[PDB]
Amino acid sequence: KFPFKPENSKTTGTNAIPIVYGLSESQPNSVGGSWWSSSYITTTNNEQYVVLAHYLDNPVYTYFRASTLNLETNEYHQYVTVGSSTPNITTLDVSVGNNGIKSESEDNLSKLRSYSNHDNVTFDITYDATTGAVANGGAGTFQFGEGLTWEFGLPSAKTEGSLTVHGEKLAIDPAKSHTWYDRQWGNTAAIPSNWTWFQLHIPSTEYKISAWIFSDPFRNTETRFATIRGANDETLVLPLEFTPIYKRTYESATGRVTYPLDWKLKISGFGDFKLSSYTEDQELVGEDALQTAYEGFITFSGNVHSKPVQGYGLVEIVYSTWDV
Ligand SMILES: *[C@@H]1O[C@H](CO)[C@@H](O[C@@H]2O[C@H](CO)[C@@H](O[C@@H]3O[C@H](CO[C@H]4O[C@H](CO[C@H]5O[C@H](CO)[C@@H](O)[C@H](O)[C@@H]5O[C@H]5O[C@H](CO)[C@@H](O)[C@H](O)[C@@H]5O)[C@@H](O)[C@H](O[C@H]5O[C@H](CO)[C@@H](O)[C@H](O)[C@@H]5O)[C@@H]4O)[C@@H](O)[C@H](O)[C@@H]3O)[C@H](O)[C@H]2NC(C)=O)[C@H](O)[C@H]1NC(C)=O
Ligand SMILES: *[C@@H]1O[C@H](CO)[C@@H](O)[C@H](O)[C@H]1NC(C)=O
Ligand SMILES: [Mg+2]
(Lines give C-alpha, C1' and ligand atoms only; values in the text may rest on other atoms or scores of the structure.)
(Ligands and ions follow the chains in the order given, each with its own letter.)
Protein backbone atom coordinates (compact mmCIF):
# COMPACT_ATOMS: atom_id res chain seq x y z
CA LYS A 1 0.00 0.00 0.00
CA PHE A 2 1.18 3.52 -0.70
CA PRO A 3 1.93 5.58 2.46
CA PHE A 4 -0.79 8.19 1.89
CA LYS A 5 -1.23 10.43 4.94
CA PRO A 6 -2.06 14.09 5.64
CA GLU A 7 0.10 16.80 7.05
CA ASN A 8 -1.01 18.66 10.17
CA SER A 9 0.62 22.07 9.70
CA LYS A 10 -0.39 25.68 9.12
CA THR A 11 -1.23 26.58 5.52
CA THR A 12 1.04 29.64 5.20
CA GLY A 13 3.52 28.60 7.89
CA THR A 14 5.46 31.50 9.34
CA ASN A 15 4.27 33.96 6.62
CA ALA A 16 7.92 35.08 6.52
CA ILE A 17 8.07 34.78 2.71
CA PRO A 18 6.03 37.68 1.23
CA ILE A 19 3.96 35.81 -1.35
CA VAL A 20 1.99 37.95 -3.77
CA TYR A 21 -1.55 37.10 -2.61
CA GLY A 22 -3.71 35.95 0.26
CA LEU A 23 -4.83 32.36 -0.22
CA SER A 24 -8.36 32.85 1.10
CA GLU A 25 -9.03 35.89 -1.11
CA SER A 26 -7.74 34.00 -4.17
CA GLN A 27 -10.35 31.22 -3.91
CA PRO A 28 -13.74 32.77 -4.90
CA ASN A 29 -15.45 32.38 -8.27
CA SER A 30 -14.90 36.07 -9.03
CA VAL A 31 -11.15 35.49 -9.30
CA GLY A 32 -11.68 33.11 -12.24
CA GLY A 33 -9.37 30.43 -13.55
CA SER A 34 -9.00 26.81 -12.44
CA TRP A 35 -9.80 24.79 -9.29
CA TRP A 36 -8.28 21.31 -9.05
CA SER A 37 -7.86 18.43 -6.62
CA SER A 38 -6.15 15.05 -6.62
CA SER A 39 -7.04 12.88 -3.62
CA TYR A 40 -4.80 9.96 -2.68
CA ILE A 41 -7.25 7.78 -0.77
CA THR A 42 -7.17 4.74 1.48
CA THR A 43 -10.70 3.65 2.37
CA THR A 44 -11.72 2.23 5.73
CA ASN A 45 -11.78 -1.23 4.09
CA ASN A 46 -8.13 -0.76 2.96
CA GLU A 47 -8.64 -0.04 -0.76
CA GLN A 48 -6.62 2.70 -2.44
CA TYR A 49 -7.80 5.13 -5.12
CA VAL A 50 -6.66 8.32 -6.79
CA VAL A 51 -9.58 10.69 -7.42
CA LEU A 52 -9.36 13.80 -9.60
CA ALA A 53 -11.72 16.79 -9.72
CA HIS A 54 -11.24 19.87 -11.89
CA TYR A 55 -13.33 22.93 -12.78
CA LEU A 56 -12.16 25.37 -15.45
CA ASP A 57 -13.66 28.77 -16.22
CA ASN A 58 -12.97 29.94 -19.78
CA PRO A 59 -14.48 32.74 -21.91
CA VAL A 60 -15.97 30.25 -24.40
CA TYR A 61 -17.25 27.59 -21.98
CA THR A 62 -16.79 26.09 -18.55
CA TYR A 63 -16.25 22.48 -17.67
CA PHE A 64 -16.00 20.07 -14.80
CA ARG A 65 -14.05 16.85 -15.21
CA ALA A 66 -13.24 14.03 -12.82
CA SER A 67 -11.77 10.55 -12.66
CA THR A 68 -11.23 7.61 -10.33
CA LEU A 69 -8.40 5.08 -10.43
CA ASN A 70 -8.44 1.83 -8.44
CA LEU A 71 -4.82 1.17 -7.49
CA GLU A 72 -5.39 -2.57 -7.00
CA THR A 73 -7.13 -3.37 -10.29
CA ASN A 74 -6.25 -0.34 -12.50
CA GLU A 75 -9.99 0.19 -13.10
CA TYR A 76 -10.38 3.77 -14.33
CA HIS A 77 -13.40 5.98 -15.01
CA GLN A 78 -13.52 9.56 -16.24
CA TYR A 79 -15.80 12.18 -17.73
CA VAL A 80 -15.84 15.80 -18.88
CA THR A 81 -19.05 17.83 -18.68
CA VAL A 82 -19.33 21.22 -20.38
CA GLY A 83 -21.10 24.26 -18.98
CA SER A 84 -21.62 27.79 -20.21
CA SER A 85 -20.68 30.23 -17.43
CA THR A 86 -19.37 30.67 -13.89
CA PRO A 87 -21.43 32.76 -11.43
CA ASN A 88 -19.50 35.90 -10.47
CA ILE A 89 -19.77 35.63 -6.68
CA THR A 90 -17.52 36.36 -3.71
CA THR A 91 -17.51 32.74 -2.48
CA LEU A 92 -16.13 29.52 -3.99
CA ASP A 93 -18.95 27.45 -5.51
CA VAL A 94 -18.21 26.25 -9.06
CA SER A 95 -20.23 23.54 -10.74
CA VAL A 96 -21.54 21.97 -13.91
CA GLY A 97 -24.72 20.16 -13.00
CA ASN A 98 -24.52 18.33 -9.67
CA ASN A 99 -20.71 18.19 -9.86
CA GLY A 100 -18.17 20.76 -8.74
CA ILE A 101 -15.84 22.25 -6.13
CA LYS A 102 -17.00 24.46 -3.31
CA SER A 103 -15.80 25.97 -0.08
CA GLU A 104 -17.51 24.97 3.16
CA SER A 105 -15.50 27.42 5.27
CA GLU A 106 -15.31 31.19 5.63
CA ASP A 107 -11.51 31.06 5.12
CA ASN A 108 -11.80 28.85 1.98
CA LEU A 109 -9.10 26.58 3.47
CA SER A 110 -10.41 24.77 6.56
CA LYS A 111 -13.07 22.91 4.56
CA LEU A 112 -13.26 22.50 0.79
CA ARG A 113 -15.35 19.96 -1.13
CA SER A 114 -14.83 18.16 -4.45
CA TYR A 115 -17.95 16.26 -5.48
CA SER A 116 -19.28 14.32 -8.46
CA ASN A 117 -22.65 12.67 -9.20
CA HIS A 118 -22.03 11.06 -12.57
CA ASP A 119 -22.56 7.45 -13.53
CA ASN A 120 -19.36 5.52 -12.67
CA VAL A 121 -17.75 8.69 -11.23
CA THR A 122 -19.49 9.51 -7.95
CA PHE A 123 -17.76 10.84 -4.85
CA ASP A 124 -18.05 13.50 -2.15
CA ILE A 125 -14.66 14.45 -0.75
CA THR A 126 -13.90 17.17 1.79
CA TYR A 127 -10.46 18.40 2.73
CA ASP A 128 -8.81 20.76 5.20
CA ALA A 129 -5.65 22.63 4.20
CA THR A 130 -3.56 21.36 7.13
CA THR A 131 -0.53 21.57 4.85
CA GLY A 132 2.16 24.11 3.97
CA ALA A 133 1.48 25.81 0.64
CA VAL A 134 3.63 25.39 -2.47
CA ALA A 135 3.96 28.97 -3.77
CA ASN A 136 4.87 28.33 -7.41
CA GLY A 137 7.78 30.41 -8.62
CA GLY A 138 8.80 31.14 -5.03
CA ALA A 139 6.17 33.80 -4.31
CA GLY A 140 3.15 32.33 -6.10
CA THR A 141 3.44 33.72 -9.65
CA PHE A 142 5.41 33.04 -12.83
CA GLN A 143 5.33 33.66 -16.58
CA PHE A 144 2.84 31.32 -18.32
CA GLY A 145 2.16 31.84 -22.00
CA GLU A 146 2.16 35.46 -23.12
CA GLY A 147 1.53 36.74 -19.58
CA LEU A 148 1.31 35.79 -15.91
CA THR A 149 -0.14 32.92 -13.95
CA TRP A 150 -0.76 32.71 -10.22
CA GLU A 151 -0.69 29.25 -8.69
CA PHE A 152 -0.50 27.61 -5.27
CA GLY A 153 -0.69 23.98 -4.20
CA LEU A 154 -1.87 22.62 -0.86
CA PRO A 155 -0.09 19.25 -1.03
CA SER A 156 -1.24 17.03 1.86
CA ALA A 157 -4.62 18.25 3.07
CA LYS A 158 -6.55 16.13 5.57
CA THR A 159 -9.27 14.33 3.61
CA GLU A 160 -12.66 12.84 4.58
CA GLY A 161 -15.82 11.73 2.81
CA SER A 162 -16.68 8.95 0.41
CA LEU A 163 -16.44 7.57 -3.09
CA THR A 164 -19.00 5.21 -4.57
CA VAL A 165 -17.64 2.22 -6.51
CA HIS A 166 -19.94 -0.42 -8.03
CA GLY A 167 -22.89 0.74 -5.94
CA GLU A 168 -20.89 0.54 -2.69
CA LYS A 169 -20.23 3.81 -0.86
CA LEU A 170 -16.74 3.55 0.64
CA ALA A 171 -15.60 5.81 3.49
CA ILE A 172 -12.28 7.64 3.25
CA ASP A 173 -9.81 6.92 6.06
CA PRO A 174 -8.45 10.38 7.03
CA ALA A 175 -5.38 8.85 8.70
CA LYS A 176 -4.23 7.25 5.43
CA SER A 177 -5.34 9.77 2.79
CA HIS A 178 -4.43 13.24 1.57
CA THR A 179 -5.47 15.71 -1.10
CA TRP A 180 -3.34 18.03 -3.21
CA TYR A 181 -5.52 21.04 -3.98
CA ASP A 182 -4.16 23.26 -6.76
CA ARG A 183 -5.47 26.76 -7.47
CA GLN A 184 -4.43 28.59 -10.62
CA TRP A 185 -5.60 31.72 -12.41
CA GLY A 186 -4.13 33.93 -15.13
CA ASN A 187 -4.30 37.20 -17.05
CA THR A 188 -4.02 36.01 -20.67
CA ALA A 189 -5.85 33.77 -23.12
CA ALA A 190 -2.53 33.04 -24.87
CA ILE A 191 -1.40 30.15 -22.68
CA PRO A 192 1.31 27.66 -23.78
CA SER A 193 0.50 25.36 -26.69
CA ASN A 194 1.08 22.33 -24.44
CA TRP A 195 2.82 21.39 -21.23
CA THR A 196 3.70 18.66 -18.80
CA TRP A 197 3.20 19.27 -15.07
CA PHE A 198 4.49 17.01 -12.30
CA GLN A 199 3.18 16.87 -8.73
CA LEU A 200 5.59 14.80 -6.63
CA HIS A 201 5.60 13.41 -3.08
CA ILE A 202 8.61 11.81 -1.36
CA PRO A 203 7.14 10.08 1.73
CA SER A 204 10.37 9.94 3.71
CA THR A 205 10.59 13.76 3.56
CA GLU A 206 8.71 17.05 3.64
CA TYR A 207 9.56 17.75 -0.02
CA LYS A 208 6.60 18.65 -2.25
CA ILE A 209 7.44 19.28 -5.90
CA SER A 210 5.41 21.22 -8.48
CA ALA A 211 7.26 21.15 -11.81
CA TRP A 212 6.39 22.76 -15.15
CA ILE A 213 7.80 22.10 -18.64
CA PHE A 214 6.64 24.01 -21.74
CA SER A 215 7.90 26.27 -24.50
CA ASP A 216 7.60 30.05 -24.41
CA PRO A 217 7.29 31.18 -28.07
CA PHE A 218 6.80 34.81 -27.04
CA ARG A 219 10.17 35.13 -25.30
CA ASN A 220 11.59 32.26 -27.40
CA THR A 221 12.80 30.30 -24.37
CA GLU A 222 12.10 26.91 -22.81
CA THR A 223 10.41 26.81 -19.41
CA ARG A 224 11.61 23.85 -17.36
CA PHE A 225 11.63 24.27 -13.61
CA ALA A 226 10.49 22.95 -10.25
CA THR A 227 9.14 24.75 -7.22
CA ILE A 228 9.96 22.58 -4.23
CA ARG A 229 8.47 23.23 -0.81
CA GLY A 230 10.57 21.73 1.96
CA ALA A 231 10.40 22.00 5.72
CA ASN A 232 9.87 25.26 7.60
CA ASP A 233 8.39 27.00 4.49
CA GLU A 234 11.73 26.67 2.64
CA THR A 235 11.11 27.00 -1.11
CA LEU A 236 13.47 26.00 -3.94
CA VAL A 237 13.05 27.37 -7.47
CA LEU A 238 15.28 25.17 -9.63
CA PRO A 239 15.85 24.55 -13.34
CA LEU A 240 15.37 21.00 -14.58
CA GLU A 241 16.08 18.82 -17.61
CA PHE A 242 13.04 16.96 -18.96
CA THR A 243 13.14 13.74 -21.00
CA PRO A 244 9.89 12.12 -22.18
CA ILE A 245 10.31 8.41 -22.87
CA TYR A 246 8.19 6.67 -25.50
CA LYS A 247 9.10 3.02 -24.95
CA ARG A 248 5.56 2.87 -23.51
CA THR A 249 2.83 5.07 -24.93
CA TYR A 250 -0.89 5.74 -24.74
CA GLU A 251 -2.70 6.96 -27.85
CA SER A 252 -5.35 9.56 -27.05
CA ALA A 253 -8.96 8.56 -27.64
CA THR A 254 -9.18 11.79 -29.67
CA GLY A 255 -6.70 10.40 -32.19
CA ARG A 256 -4.72 13.63 -31.93
CA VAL A 257 -1.67 12.82 -29.79
CA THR A 258 0.47 9.99 -28.40
CA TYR A 259 1.33 10.36 -24.72
CA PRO A 260 4.65 9.11 -23.33
CA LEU A 261 4.33 6.96 -20.21
CA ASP A 262 7.79 7.29 -18.61
CA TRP A 263 10.02 10.28 -17.90
CA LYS A 264 13.35 11.39 -16.51
CA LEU A 265 13.80 14.63 -14.56
CA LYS A 266 17.15 16.07 -13.52
CA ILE A 267 16.44 18.91 -11.05
CA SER A 268 19.51 21.15 -10.85
CA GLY A 269 21.34 20.83 -7.55
CA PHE A 270 18.61 18.63 -6.05
CA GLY A 271 18.30 15.16 -7.60
CA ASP A 272 17.32 13.01 -10.53
CA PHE A 273 14.20 10.93 -10.97
CA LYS A 274 12.86 8.11 -13.14
CA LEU A 275 9.06 8.35 -13.31
CA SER A 276 6.49 5.89 -14.66
CA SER A 277 2.77 6.14 -15.26
CA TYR A 278 0.94 3.61 -13.09
CA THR A 279 -1.32 2.38 -15.90
CA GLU A 280 -1.72 3.25 -19.57
CA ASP A 281 -5.21 4.78 -19.82
CA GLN A 282 -5.55 7.81 -17.51
CA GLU A 283 -6.92 10.31 -20.04
CA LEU A 284 -9.77 12.74 -19.42
CA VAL A 285 -11.40 12.81 -22.87
CA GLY A 286 -12.88 16.12 -23.99
CA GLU A 287 -14.40 17.38 -27.21
CA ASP A 288 -11.44 19.69 -27.95
CA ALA A 289 -7.81 20.09 -26.86
CA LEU A 290 -8.33 22.24 -23.77
CA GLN A 291 -10.99 19.85 -22.43
CA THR A 292 -8.63 16.85 -22.77
CA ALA A 293 -5.77 15.86 -20.50
CA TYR A 294 -3.59 12.98 -19.46
CA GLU A 295 -3.99 13.11 -15.67
CA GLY A 296 -2.11 10.12 -14.38
CA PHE A 297 -1.00 8.61 -11.11
CA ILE A 298 2.76 7.96 -11.31
CA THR A 299 5.47 6.35 -9.20
CA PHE A 300 9.15 7.16 -9.29
CA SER A 301 12.60 6.36 -8.00
CA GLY A 302 15.66 8.56 -7.91
CA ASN A 303 18.05 10.36 -5.62
CA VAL A 304 17.96 13.56 -3.61
CA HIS A 305 21.42 14.93 -2.75
CA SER A 306 22.88 11.53 -3.71
CA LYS A 307 20.58 9.60 -1.35
CA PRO A 308 18.13 7.13 -2.93
CA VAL A 309 14.43 7.99 -2.70
CA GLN A 310 11.12 6.76 -4.05
CA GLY A 311 7.70 8.34 -4.24
CA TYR A 312 4.46 8.89 -6.08
CA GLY A 313 2.39 11.69 -7.52
CA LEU A 314 0.66 12.85 -10.67
CA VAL A 315 1.63 13.83 -14.21
CA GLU A 316 -0.56 16.19 -16.21
CA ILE A 317 -0.15 16.36 -20.00
CA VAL A 318 -2.21 19.09 -21.64
CA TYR A 319 -2.49 20.48 -25.16
CA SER A 320 -4.29 23.80 -25.35
CA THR A 321 -4.21 23.26 -29.11
CA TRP A 322 -3.33 20.28 -31.25
CA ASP A 323 -1.67 22.65 -33.77
CA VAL A 324 1.29 23.41 -31.53
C1 LIG B 1 4.59 19.67 -26.35
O2 LIG B 1 4.13 19.02 -27.54
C3 LIG B 1 5.16 18.71 -28.49
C4 LIG B 1 4.47 18.06 -29.66
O5 LIG B 1 3.84 16.85 -29.27
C6 LIG B 1 6.20 17.79 -27.85
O7 LIG B 1 7.31 17.75 -28.75
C8 LIG B 1 7.76 16.58 -29.32
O9 LIG B 1 8.54 15.77 -28.51
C10 LIG B 1 8.90 14.52 -29.12
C11 LIG B 1 9.69 13.75 -28.08
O12 LIG B 1 10.78 14.51 -27.60
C13 LIG B 1 9.71 14.78 -30.40
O14 LIG B 1 9.94 13.54 -31.06
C15 LIG B 1 11.20 13.35 -31.59
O16 LIG B 1 11.19 13.97 -32.87
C17 LIG B 1 12.44 13.84 -33.59
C18 LIG B 1 12.31 14.58 -34.88
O19 LIG B 1 12.23 15.98 -34.62
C20 LIG B 1 12.27 16.74 -35.76
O21 LIG B 1 11.12 16.45 -36.52
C22 LIG B 1 9.85 16.76 -35.89
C23 LIG B 1 8.76 16.37 -36.85
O24 LIG B 1 8.77 17.33 -37.93
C25 LIG B 1 7.76 17.09 -38.83
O26 LIG B 1 6.45 17.11 -38.32
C27 LIG B 1 6.02 18.34 -37.70
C28 LIG B 1 4.59 18.12 -37.26
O29 LIG B 1 4.55 16.93 -36.48
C30 LIG B 1 6.15 19.49 -38.67
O31 LIG B 1 5.94 20.70 -37.94
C32 LIG B 1 7.54 19.50 -39.35
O33 LIG B 1 7.59 20.54 -40.34
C34 LIG B 1 7.91 18.12 -39.94
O35 LIG B 1 6.98 17.87 -41.01
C36 LIG B 1 7.36 16.93 -41.94
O37 LIG B 1 7.21 15.60 -41.55
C38 LIG B 1 5.84 15.21 -41.22
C39 LIG B 1 5.88 13.77 -40.74
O40 LIG B 1 6.51 13.74 -39.44
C41 LIG B 1 4.95 15.41 -42.44
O42 LIG B 1 3.62 15.22 -42.02
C43 LIG B 1 5.08 16.85 -42.97
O44 LIG B 1 4.27 16.99 -44.14
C45 LIG B 1 6.55 17.23 -43.21
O46 LIG B 1 7.03 16.43 -44.35
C47 LIG B 1 9.85 18.24 -35.53
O48 LIG B 1 8.63 18.53 -34.88
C49 LIG B 1 11.03 18.56 -34.60
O50 LIG B 1 11.02 19.93 -34.24
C51 LIG B 1 10.99 20.17 -32.88
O52 LIG B 1 12.32 20.24 -32.41
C53 LIG B 1 13.14 21.25 -33.06
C54 LIG B 1 14.56 21.11 -32.52
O55 LIG B 1 15.20 20.05 -33.25
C56 LIG B 1 12.53 22.63 -32.83
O57 LIG B 1 13.29 23.60 -33.52
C58 LIG B 1 11.09 22.63 -33.36
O59 LIG B 1 10.49 23.90 -33.17
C60 LIG B 1 10.27 21.51 -32.72
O61 LIG B 1 10.16 21.87 -31.34
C62 LIG B 1 12.34 18.17 -35.27
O63 LIG B 1 12.48 19.07 -36.39
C64 LIG B 1 12.72 12.35 -33.82
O65 LIG B 1 13.98 12.22 -34.49
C66 LIG B 1 12.75 11.60 -32.49
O67 LIG B 1 12.98 10.21 -32.70
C68 LIG B 1 11.46 11.85 -31.68
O69 LIG B 1 10.39 11.22 -32.37
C70 LIG B 1 8.98 15.74 -31.32
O71 LIG B 1 9.83 16.13 -32.39
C72 LIG B 1 8.55 16.98 -30.56
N73 LIG B 1 7.77 17.87 -31.41
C74 LIG B 1 7.81 19.20 -31.30
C75 LIG B 1 6.94 19.96 -32.25
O76 LIG B 1 8.51 19.77 -30.47
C77 LIG B 1 6.69 18.33 -26.51
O78 LIG B 1 7.46 17.34 -25.84
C79 LIG B 1 5.54 18.75 -25.60
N80 LIG B 1 6.06 19.39 -24.41
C81 LIG B 1 5.86 18.94 -23.17
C82 LIG B 1 6.53 19.70 -22.08
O83 LIG B 1 5.13 17.97 -22.94
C1 LIG C 1 -17.70 40.44 -10.83
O2 LIG C 1 -18.54 41.50 -10.31
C3 LIG C 1 -17.80 42.58 -9.73
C4 LIG C 1 -18.79 43.48 -9.02
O5 LIG C 1 -20.04 43.52 -9.70
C6 LIG C 1 -17.03 43.27 -10.83
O7 LIG C 1 -16.32 44.38 -10.29
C8 LIG C 1 -16.05 42.28 -11.46
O9 LIG C 1 -15.41 42.88 -12.57
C10 LIG C 1 -16.77 41.01 -11.93
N11 LIG C 1 -15.79 40.00 -12.32
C12 LIG C 1 -15.74 39.45 -13.53
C13 LIG C 1 -14.66 38.43 -13.74
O14 LIG C 1 -16.53 39.75 -14.42
MG1 LIG D 1 -20.84 26.01 -15.31
Side-chain angles (χ1 to χ4, degrees), residues 2-7 9 11-14 16-20 36 38 40 131-144 149-157 178 180-184 192 195-216 219 221-245 260-278 295-318:
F2 290 95
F4 303 155
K5 59 187 66 172
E7 289 175 339
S9 37
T11 318
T12 45
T14 67
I17 293 164
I19 62 174
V20 299
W36 186 104
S38 66
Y40 305 85
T131 184
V134 177
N136 285 273
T141 184
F142 64 94
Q143 190 86 352
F144 185 71
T149 196
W150 292 265
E151 182 200 11
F152 62 90
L154 307 176
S156 294
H178 65 101
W180 179 302
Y181 172 83
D182 212 75
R183 173 73 177 122
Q184 186 167 4
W195 61 82
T196 300
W197 178 69
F198 291 96
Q199 175 211 131
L200 308 178
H201 305 260
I202 302 171
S204 59
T205 72
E206 293 190 42
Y207 289 126
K208 305 299 179 187
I209 304 175
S210 174
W212 287 92
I213 308 95
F214 55 85
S215 300
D216 181 347
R219 292 176 173 175
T221 56
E222 290 298 325
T223 294
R224 43 183 183 85
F225 83 114
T227 306
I228 304 181
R229 185 223 76 183
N232 304 296
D233 312 355
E234 297 158 18
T235 305
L236 322 177
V237 184
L238 310 175
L240 64 81
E241 299 177 9
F242 165 83
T243 300
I245 299 165
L261 290 186
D262 300 271
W263 303 263
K264 283 183 220 204
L265 299 167
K266 174 157 199 42
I267 304 176
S268 187
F270 186 79
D272 50 29
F273 308 87
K274 173 65 232 315
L275 316 97
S276 303
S277 185
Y278 194 79
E295 302 273 0
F297 184 59
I298 63 171
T299 61
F300 64 90
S301 62
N303 83 88
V304 173
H305 303 313
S306 321
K307 174 212 102 173
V309 301
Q310 60 180 40
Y312 62 85
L314 179 141
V315 63
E316 170 178 273
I317 309 176
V318 167

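Reckoned from all heavy atoms, side chains included, excluding hydrogens, waters and symmetry mates. Start at 1 with the first residue, then count along the sequence.
Using cut-offs of 30° and 60° for the angle between ring planes, the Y181 and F152 rings count as tilted. Ring geometry for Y312 against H178 counts as tilted: the plane angle lies between 30° and 60°, on a 0 to 90° scale. Ring geometry for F198 versus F242: interplanar angle of 30 to 60°, hence tilted.
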Stepwise side chain to side chain contact (heavy atoms under 4.5 Å, CB included) test for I228 and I267
CA-CA 10 Å; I228 304 181; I267 304 176; 4.3 Å; yes
For the pair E295 and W36, evaluate side chain to side chain contact (heavy atoms under 4.5 Å, CB included) and give the outcome as yes or no after the intermediate values.
CA-CA 11 Å; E295 302 273 0; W36 186 104; 3.8 Å; yes
Start with the C-alpha distance between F225 and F142, add both sets of side-chain angles, then the distance that settles ring pair (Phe, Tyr, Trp, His ring centres under 6.0 Å), and finish with yes or no.
CA-CA 11 Å; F225 83 114; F142 64 94; 5.3 Å; yes
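Residues forming a side chain to side chain donor-acceptor pair (under 3.5 Å) with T131 (at least two apart in sequence, or on another chain): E7. For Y207, the ring-ring contact (aromatic ring centres under 6.0 Å, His included) partners are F270, not counting sequence neighbours. In this structure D262 satisfies the salt bridge (charged side-chain N to carboxylate O under 4.0 Å, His left out) test together with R248, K274, sequence neighbours excluded. Evaluation of the side chain to side chain donor-acceptor pair (under 3.5 Å) rule for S9 yields no partner, not counting sequence neighbours. Under the salt bridge (charged side-chain N to carboxylate O under 4.0 Å, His left out) criterion, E151 pairs with no residue at all, not counting sequence neighbours.
Residue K266 holds its NZ atom at 10.5 Å from OG1 of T243, rounded to the nearest 0.5 Å. We find the CZ-CG distance between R183 and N136 to be 13.0 Å, quoted to the nearest 0.5 Å. For the atom pair CZ of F214 and CH2 of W195, the computed distance is 8.5 Å after rounding to the nearest 0.5 Å. Atom CZ in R229 sits 6.5 Å away from atom OG in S156 (nearest 0.5 Å). Within the model, atoms CD1 of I213 and CD of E222 stand 10.5 Å from one another, a figure rounded to the nearest 0.5 Å.
Between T299 and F2, some side-chain heavy-atom pair lies under the 4.5 Å cut-off.
Using modelled atom types, one side-chain atom of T235 and one backbone atom of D233 make a donor-acceptor pair closer than 3.5 Å.
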Please tabulate, one pair per line, all N/O donor-acceptor pairs under 3.5 Å involving side-chain atoms of residues 300-311, not counting sequence neighbours.
| residue | atom | partner | partner atom | Å |
| --- | --- | --- | --- | --- |
| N303 | OD1 | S306 | N | 3.0 |
| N303 | ND2 | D272 | OD1 | 2.3 |
| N303 | ND2 | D272 | OD2 | 3.3 |

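Listed here is the closest heavy atom pair of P155 and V134: CG-CG2, 3.6 Å.
Under 3.5 Å, the side chains of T223 and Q143 contain no donor-acceptor pair of N or O atoms.
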